[PDB]
There are 2 protein chains.
Amino acid sequence: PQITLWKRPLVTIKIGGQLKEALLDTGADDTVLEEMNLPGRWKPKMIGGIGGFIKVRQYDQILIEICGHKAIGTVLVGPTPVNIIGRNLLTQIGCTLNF
Amino acid sequence: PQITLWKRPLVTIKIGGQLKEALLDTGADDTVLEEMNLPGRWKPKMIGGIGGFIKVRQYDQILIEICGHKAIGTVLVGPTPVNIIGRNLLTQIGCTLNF
Ligand SMILES: CCC(CC)CN(C[C@@H](O)[C@H](Cc1ccccc1)NC(=O)O[C@H]1CO[C@H]2OCC[C@H]21)S(=O)(=O)c1ccc([C@@H](O)CO)cc1
């Protein structure tokens, strides 16, 4: 589909057997999801934005479905105020910017 | 153009007669640029991101050309980690997400 930007580009995602709303975010290198208790090993990471850094848990090879499009890659889990689909997964669903 | 997302969507902007690099950021409501001198009146404002809130100067109705496309809108100046172009201007240049 084509998503205009009059409002936040929120879409439904499926991750860890749960459905969530998340931003398709070209400004994020990686995908950052609100606190959730995923199984498996993880590595500590810190990511910086407006306001400073937050601590997140980096999980690798996680399957995410975005609007019925399947992807697999890294997801960072931490106290983000919003679920963020980053470029690491946006490329896997064929997402481009167009103007 | 059509912009793929294997690399950061960085583009050249012109604002206040000066060229700069900026990130096209669909996860940003607003456009926030790093500290710079801009002519005209401004008002102190706050904006929040993934790490908390910062103080910015709000410049309204500013002329800004993004990758050859003109916009006139609000520009917030403050300690953002990166120059970002947000939806308030992305809509003006006709930018959409497509997949
Ligand atoms: C380019 C640097 C920053 C942005 C300065 C990139 N961020 C994405 C950005 O889309 C962010 C998303 C967002 C966060 C909180 C609330 C709502 C949206 N939007 C944002 O701050 O918008 C501001 C401006 O407009 C307002 O609307 C929304 C808030 C206001 S991030 O989340 O901090 C981040 C940092 C590092 C990584 C790692 O992967 C390495 O990249 C991934 C993601």
Side-chain angles (χ1 to χ4, degrees), chain A residues 3 5-11 13 15 20-33 35 42 44-54 56-60 62 64 66 71 73-92 95 97, chain B residues 3 5-6 8-11 13 20-36 44 46-54 56-60 62 64 66 71 73-92 95 97:
Chain A
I3 300 171
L5 302 172
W6 295 115
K7 65 181 171 70
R8 294 189 173 201
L10 290 169
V11 298
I13 65 173
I15 172 158
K20 302 169 173 286
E21 300 298 289
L23 293 176
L24 302 175
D25 191 353
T26 64
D29 290 353
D30 297 301
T31 293
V32 191
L33 301 181
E35 180 55 46
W42 53 275
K45 191 172 174 63
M46 272 171 81
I47 59 167
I50 285 171
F53 286 71
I54 59 166
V56 298
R57 306 193 304 277
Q58 171 182 340
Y59 293 88
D60 297 314
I62 300 298
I64 295 196
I66 299 135
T74 295
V75 306
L76 311 175
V77 179
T80 177
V82 183
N83 297 314
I84 296 168
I85 307 301
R87 294 190 295 103
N88 72 307
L89 301 180
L90 291 176
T91 57
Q92 301 187 26
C95 189
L97 287 167
Chain B
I3 296 174
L5 298 174
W6 313 98
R8 290 167 167 164
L10 290 166
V11 300
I13 62 167
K20 287 168 173 284
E21 185 163 83
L23 181 68
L24 303 181
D25 186 352
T26 57
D29 298 347
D30 308 309
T31 295
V32 188
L33 303 186
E34 297 188 280
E35 185 59 36
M36 68 177 295
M46 306 292 296
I47 54 166
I50 204 168
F53 288 71
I54 62 173
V56 297
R57 316 198 307 274
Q58 177 175 333
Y59 297 82
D60 289 315
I62 297 295
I64 172 166
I66 301 160
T74 294
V75 176
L76 311 180
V77 179
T80 175
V82 178
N83 293 326
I84 53 174
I85 309 302
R87 291 186 299 100
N88 69 308
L89 301 185
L90 294 176
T91 56
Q92 290 196 20
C95 191
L97 287 164

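All ligand and atom numbering here is 1-based and tracks the order in the structure. Chain letters run A, B, ... following the sequence lines, proteins first, then strands; residues in each count from 1. Both backbone and side-chain heavy atoms feed into the values below; hydrogens, waters and symmetry mates do not.
Of the protein's heavy atoms, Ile47(A) CG2, 4.0 Å lies nearest to atom 38 (C) of ligand 1. Scanning the protein heavy atoms around atom 27 (O) of ligand 1, the nearest turns out to be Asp29(B) N, 2.8 Å. For atom 7 (N) of ligand 1, the closest non-hydrogen atom on the protein side is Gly27(A) O, 4.2 Å. In terms of protein heavy-atom proximity, atom 42 (C) of ligand 1 is closest to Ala28(A) CB, 3.5 Å. For atom 4 (C) of ligand 1, the closest non-hydrogen atom on the protein side is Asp25(B) OD2, 3.8 Å. Taking atom 16 (C) of ligand 1 as the reference point, the nearest protein heavy-atom neighbour is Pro81(A) CG, 3.8 Å. Looking at atom 33 (O) of ligand 1, its nearest protein heavy atom turns out to be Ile50(B) CG2, 3.1 Å. Taking atom 3 (C) of ligand 1 as the reference point, the nearest protein heavy-atom neighbour is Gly49(A) CA, 4.3 Å.
A salt bridge links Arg57(B) with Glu35(B); the closest basic N to acidic carboxylate O contact falls under 4.0 Å.
In summary, the atoms of ligand 1 found under 4.0 Å from a heavy atom of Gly48(A), numbered by their order in the structure, are 35 (C), 36 (C). Remark: ligand 1 atoms within the under-4.0 Å shell around heavy atoms of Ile84(A) are 12 (C), 32 (O). If you number the atoms of ligand 1 from 1 as listed, the ones under 4.0 Å from a heavy atom of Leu23(B) come out as 1 (C).
Only one option out of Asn83(A), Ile85(A), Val82(A) pairs with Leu23(A) in a side chain to side chain contact (heavy atoms under 4.5 Å, CB included); it is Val82(A).
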